[PDB]
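Only one chain is given next, in structure tokens, and it is the form deposited without the named molecule.
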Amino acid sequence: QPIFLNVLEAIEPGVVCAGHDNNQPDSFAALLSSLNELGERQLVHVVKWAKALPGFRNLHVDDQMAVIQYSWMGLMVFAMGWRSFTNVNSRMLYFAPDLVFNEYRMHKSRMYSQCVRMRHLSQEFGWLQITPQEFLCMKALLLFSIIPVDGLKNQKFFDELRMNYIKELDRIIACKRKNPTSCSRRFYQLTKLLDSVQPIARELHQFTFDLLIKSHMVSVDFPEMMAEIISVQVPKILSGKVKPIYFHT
């Protein structure tokens, strides 16, 4: 209740494994290769999930693939933080059931700092007392939070679509909340949270980019679709062509 919420919960992707071999020692090459595999795998669900979103088919076919290729990073990270929260209380990064990052692994991955921000983000879900309804609505809104500076194929359908999801976030906050002060307060809290995701995804973008460039030397494997999206789409973000949409300055 209402119809919007039923869809989000029903289309919510299921558990996904990275197929990591926890029988081998934690090496940079191994860990990163598994993450990319998880990325490729998680990419398949994100696409199916996206197309199953209410009104997603209102966007031009090109912008549909576009928004996905630009925000797939923010979506996966945001979802991961939630899992980590609803699994190990944010104690560790729960990327996948067969790929959990502890203090040690965070270091071995050569991206300790970035993992800290992710864990921090994961702790936000708890401190702010985020609910499943709010989580689902915020995650969907992340798909519509990054586009090229010059706009999309048909920007009108996107603005209207993005606006409607923001409206849903209101009805969610409004519903079951008898107070006009905590309402705006809540919107402020969440909108702030959604913004914190962008800076994090930005560092992961640059990190994955560099890794790809020097992937053969550090012996890190990049799946087909991962290698193309990171070498064709990501570059547009790090070049200033595609920038995220912030609520606050």
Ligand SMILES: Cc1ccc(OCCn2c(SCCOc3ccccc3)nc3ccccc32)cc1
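Residue indices: 1-based, along the sequence shown.
The form deposited with the named molecule bound exists for this protein as well; it is not shown, and the discussion that follows is about that form.
Though the partner is left out of this view, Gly55 does reach within 4.5 Å of the named molecule in the bound PDB entry, counting heavy atoms only.
Put simply, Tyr165 is close to the named molecule in the bound PDB entry: some heavy atom of it is within 4.5 Å. Contact check for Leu161: a non-hydrogen atom falls within 4.5 Å of the named molecule in the bound PDB entry.
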